[PDB]
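The structure under discussion appears below in the form of structure tokens.
Numbering (the authors' numbering), first residue to last: 7 to 61.
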């Protein structure tokens, strides 16, 4: 599944990754309601689920 980044997010912990608004990310795990695991080109980690939209 692909998600679209609606906002910029800068990583704030070791498990997070950074994304820019408009990035299309690969969604790896959306089992948590708040934090989803994504791949943003050869990095994998968590971003806030509210800040992305599934395509």
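Each residue gets a CB set at the ideal place from its N, CA and C atoms; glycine is no exception.
*Exposed or buried, which one is residue 8 when buried takes at least 16 other CB atoms within 10 Å?*
exposed
*Nearest CA to the CA of residue 30: which residue from 11, 53 and 50?*
11
*Status (buried if at least 16 other CB within 10 Å, exposed otherwise) for residue 43*: buried
*Please report the residue range of the beta strand (DSSP E) in which residue 43 lies.*
41–45
_Contact set for residue 61: own chain, Cβ-Cβ below 8 Å, skip 5 residues either direction_ = 7, 8, 9, 10 and 30
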